[PDB]
Ligand SMILES: *[C@@H]1O[C@H](CO)[C@@H](O[C@@H]2O[C@H](CO)[C@@H](O[C@@H]3O[C@H](CO)[C@@H](O)[C@H](O)[C@@H]3O)[C@H](O)[C@H]2NC(C)=O)[C@H](O)[C@H]1NC(C)=O
Ligand SMILES: *[C@@H]1O[C@H](CO)[C@@H](O[C@@H]2O[C@H](CO)[C@@H](O)[C@H](O)[C@H]2NC(C)=O)[C@H](O)[C@H]1NC(C)=O
Ligand SMILES: *[C@@H]1O[C@H](CO)[C@@H](O[C@@H]2O[C@H](CO)[C@@H](O)[C@H](O)[C@H]2NC(C)=O)[C@H](O)[C@H]1NC(C)=O
Ligand SMILES: *[C@@H]1O[C@H](CO)[C@@H](O[C@@H]2O[C@H](CO)[C@@H](O)[C@H](O)[C@H]2NC(C)=O)[C@H](O)[C@H]1NC(C)=O
Ligand SMILES: *[C@@H]1O[C@H](CO)[C@@H](O[C@@H]2O[C@H](CO)[C@@H](O)[C@H](O)[C@H]2NC(C)=O)[C@H](O)[C@H]1NC(C)=O
Ligand SMILES: *[C@@H]1O[C@H](CO)[C@@H](O)[C@H](O)[C@H]1NC(C)=O
Ligand SMILES: *[C@@H]1O[C@H](CO)[C@@H](O)[C@H](O)[C@H]1NC(C)=O
């Protein structure tokens, strides 16, 4: 319902060898407090460094990027402003062993659901000598039966598209030590937040809290 | 003794050649029925081109510009919108000969006015080399004597800062023929007029006509 | 691409120092892509020949930036004028190593200019910081008539209006004058107790000796001055205890050279790559044109964030200011100076030992010398203020009340014995009422001394744009309060937005509103007789009242003003007789007094309830020192049933 008054949409070229004058000219003239950008890690590093050149990395501006960037999730590279915001799924810190175990578990539970439904699992057809891809009739039923699953408090789900639908997700940020720390949770369409007001840091912590905001106390 | 419901103030910066990207959006955002501008002539030309690109140029809006811009009265420049208002002093009769006739006459009359009552003819200063005259002698009052003056009906009353006060001056506008034409003047009293109504001369426009009865 | 710059200097030894400094600073980079150079000349007495020499320097090399300094000659303001004017014709950047005058700060007369040392305006900001340290809020700004004076006054005005508390009676005196005693004597009356001065050194000595003759350098007071008021020969007339401040490392400027080339170096290697630089203006004759890139170079150099010069981190402001220069605070400790504080932009550190004030007291002295004899103004109001003629013995009836306790009365002067027509009769009347008892209680609690006197206008006072068009000065009583005719106001006075700007109010002590009066019946403001005025019924109010403003600011109700402005008794309780005369039917006024009228008199009825809420209250001038205490006192009385008892005694038994 909110208005969401857009300011401007800007598309830029950022190749490893390219015209820096054009990008610098297009970036130096801007006016907005919040940013959303879609780029890769090798893209985000260069663009973030160039933005750091033209004075836009203070505690007044905030950046939000999707899960495409920040691939490392364990070694956050340089030139990344403190306070970067992105959103990732669950298993954000689950072990690789734990992850593969969970995958085997959900596959096994789907197989068990199929036997309870009819009795056993289907035979495989994996001849990479013939590989006819003959017909669907039976395997599609197994696919549709496996389409839904839930195991050990982890409520998975799926759509016709090969991507799970409506899981519990998290919103993470960067602490004052260049480290990923959980900030918010997201379950069932209701959104929480562990910080009532966006802590803004300056050159080194010492949050220069704004002059137009205050804390009102009241009672029932 | 009026309201003057001012809308807002906007500050612009432009390097017209390349850096005017954000200026386009900033000029798009505004909304007001009366505009008053202040810039230089080439800056006026680029600003009005950018305004025409943006679209806030319709006849339902009026532009107002001081005498600092639009200096070339004797030549109507291109890319200028018809029907703006600018204000100039009494200069329609001005020319080379007009300025020549004005200057020497006023200077000589000022040289004689102080002589009219116990005075003597002045003498020049020393030179541009010796750097003389640290103090201000009594002859400086002669310069002060060049404050009050009058000739040819036109009042040349001066001010302590080096300019004239209580002046006679006119208000001009650009008609459809692309040539400066007289619109009004302020002859020491209240405003006059030659066109009692604004002709808004030239499809998704404004200032629609409304006819009614009481 | 050999990039060439220049720098003019004074003593011909700093010229050799500059040559060595620039050739050493050339060692920053030597990649053969960019090179540097220098050329130095010295000054001369004549201005015109000096400017011609600057033109010769201009032609002799396609220069990039000129640098200027000051010679040991005492001709201050005539030093840097020619170079800026001449080099401005081609947008050639100029760097003033040391010049503190205010005029150069304007980028409209010297459009090409950059400075490293701040002008005299910026030090005023330091005062504000100091002003916040010890909680001083009433000032006496003393300044001269020079352009620097106007600049300082404007800077202090905007910086005060940031917090927007007040300024207090700034007064300016002509430069280079004698016997300034008149203005000082005129300003000595005010209750403020701290002065600020910034003028010429000889003017500083003159004002020092004049104040010594007028005995203002004594105890209790404190006044601080700028930078040059504690230099030259001004020490020969200065008393002990006056604050002073200077810049950390000024007047040396040799180290300043080590900064300038630095930043220009930090400029040149950042400019030659933009797009199409390729040329400065070559020649000094015939080529009537400007540099094609002058503004670009100037703007890029202005926003340069230099790392580290000799004088800390140096930046520039929007016009070319010093951007966080340093300042040292010295005290006139028995005809000497002691560095007591370090100002670096955010505060002043009191790292020193002890500061001595002009009074000799070692504790922080506050200003706002509290007066003891006030000037109280009042107004005739029926149930609140009783005024009577005196018995020729010397007072009026001294007798008991219904309870037998003496009703306390004072003696107030005031009117002209006739409001509508009389020349004047300023006579003493005897003066007693509810507010008089409240004032007696207040004076008993706060050790006061009162001299009550009435108003001459007979009206409260509103805004009035007189036929002599100007700012609408307040009328009557409020004009008397503001002009200084009065100092405190005690009366049944409303508290509205239109009055809150210039006045400070206390907590309201009696809640009240607006109500109608008729002599029988009627209704509130809903009847068509009031929506459409009738020739039979007449609606009138008291002229020059708050209700006039209330009906003068309503969009839909505007037309009622059209009726009200037609005929309204510019009068008082006398207009009460209008309802007795059967002429005016409806009288719209305040609830308390009009309701007391119904009880005291007869055949007068009030209809319905109120249609507006306000309150009475004691008012005083903007940010008076008493406010808190007085307000507290009132509230304490409201706790002890004092207000209820007074209410009972005065308007209950009726
Ligand atoms: C305005 O311009 C007129 C045009 O010349 C100037 O006239 C000034 O008028 C005053 C008025 O009295 C005159 O002052 C003279 O003062 C001496 C004092 O002894 C007296 O003897 C003379 O009879 C005369 O009153 C004088 O004509 C002239 N002022 C001066 C200083 O010469 C003047 O430039 C302007 N008016 C003023 C008041 O400055
Ligand atoms: C959701 O899971 C349920 C069981 O967990 C499955 O629903 C079965 O689907 C089979 C496939 O034809 C049919 O027997 C019935 O539609 C369902 N049977 C039972 C006993 O539930 C299936 O995996 C998912 N649901 C659907 C509709 O596909
Ligand atoms: C002007 O400033 C310069 C630099 O701040 C002063 O030179 C310094 O003097 C101190 C003390 O003698 C030395 O420790 C530094 O090494 C010097 N620096 C340089 C770069 O030479 C100079 O003395 C000052 N001159 C005056 C008259 O104050
Ligand atoms: C200027 O000097 C002041 C006082 O000497 C410094 O103020 C301190 O700054 C720290 C942050 O660095 C803050 O905790 C306080 O504002 C001050 N500390 C105190 C009072 O203990 C300031 O850092 C200096 N530098 C500037 C303003 O750039
Ligand atoms: C406001 O009231 C306070 C307290 O009534 C006053 O402070 C007192 O001042 C006297 C004399 O200066 C001292 O003897 C008392 O000790 C002070 N009280 C306290 C609690 O310390 C203050 O002076 C009053 N201010 C004004 C402007 O009236
Ligand atoms: C460099 O400066 C010297 C100083 O005299 C001057 O002679 C020479 O012409 C200059 N050369 C350039 C390329 O600026
Ligand atoms: C001039 O100075 C004398 C000093 O004796 C003083 O009495 C007089 O008031 C001064 N006049 C003015 C106008 O200040």
*Mean separation of Cα contacts under 8 Å (6+ apart) over length of the range B:1-113, as relative contact order %*: 22 percent
*Principal axis dimensions, largest first and in whole angstrom, of the range C:7-69 by Cα*: 42, 24, 13
*Restricting the count to DSSP beta bridges whose residues both fall in the protein assembly as shown, what percent are antiparallel, rounded to a multiple of 5?*
65 percent
*Looking only at the range B:48-88, which residues have a backbone nitrogen under 17 Å from a spot 7 Å from the Cα of residue B:4 in the C-beta direction?*
B:64-66
*Using the Cα gyration tensor of the range C:415-480, with a ≥ b ≥ c the square roots of its eigenvalues, what is the shape: rounded (a/c below 1.5), prolate (a/b larger than b/c) or oblate (neither)?*
oblate
*Cα convex hull of the range C:586-628: how many Å³ per residue?*
129 Å³
*Report the semi-axes of the equivalent ellipsoid for the range C:345-412 in whole Å, largest first, where each axis is √(5λ) for an eigenvalue λ of the Cα gyration tensor.*
54, 16, 13
*How big is the gap, in Å, between the Cα center of the range B:43-116 and the Cα center of the range A:189-205?*
57 Å
*For residue C:227 and residue C:318, what does the FRET efficiency come to when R0 = 22 Å and r is the distance between their Cβ atoms, rounded to the nearest 0.05?*
0.45
_Cα gyration tensor category, rounded, prolate or oblate, for the range A:1-116 with a/c compared to 1.5_ = prolate
*Would you look at the GNM of chain A, springs on alpha carbons closer than 10 Å, and say which of A:90, A:43, A:140 moves the most?*
A:140
_Compactness of the protein assembly as shown - radius of gyration and Dmax, Cα, Å_ = 40.3, 137
*Expressed as a fraction of 2.2 N^0.38 Å, the rule-of-thumb size for a compact globular protein of N residues, what is the C-alpha radius of gyration of the range C:169-215?*
1.09
*For the range C:45-204: Kirkwood Rh in Å [reciprocal of mean 1/r, alpha carbons]*: 18.4 Å
*So which residue, out of A:56, A:70, A:30, gets the largest mean-square fluctuation from a GNM of chain A using Cα contacts under 10 Å as springs?*
A:30
_Let me check I have the definition right: for chain C, take the eigenvalues of the Cα gyration tensor, multiply each by 5, take square roots. What are those semi-axes in whole Å, largest first?_
69, 31, 21
*asked:* Could you work out the pair-distance distribution P(r) of the range C:10-111 from its alpha-carbon pairs, with 5 angstrom bin width and percents rounded to whole numbers?
replied: 2, 10, 20, 23, 20, 14, 7, 3, 1
*Among A:51, A:123, A:108, which one moves the most in a GNM of chain A with springs linking Cα atoms closer than 10 Å?*
A:123
_Counting just the Cα atoms, what span does the range C:254-335 cover along each of its three principal axes? Round to the nearest Å and put the largest first._
62, 29, 24
_Mean separation of Cα contacts under 8 Å (6+ apart) over length of the range C:46-143, as relative contact order %_ = 23 percent
*Within chain C, percent of DSSP bridges classed antiparallel, to nearest 5*: 60 percent
*Cα extents of the range A:180-220 along the three principal axes, largest first, in whole Å?*
38, 36, 13
_If you average the C-alpha positions of the range C:386-407 and of the range C:478-539 separately, how far apart do those two centres end up, in angstrom?_
31 Å
*At q = 0.11, 0.15, 0.18 Å⁻¹, what log₁₀ I(q)/I(0) does a Debye calculation on the Cα points of chain B give, no solvent, two decimals?*
-0.79, -1.11, -1.38
*Once a ≥ b ≥ c are taken as the square roots of the eigenvalues of the Cα gyration tensor of the range C:535-654, is the result rounded (a/c under 1.5), prolate (a/b larger than b/c) or oblate (a/b not larger than b/c)?*
oblate
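Methodologically, a virtual Cβ is constructed for each residue, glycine included, from the backbone with ideal geometry; neighbour enumeration extends over all protein chains shown. Values in this text are rule-based calculations from the coordinates and carry no lab data.
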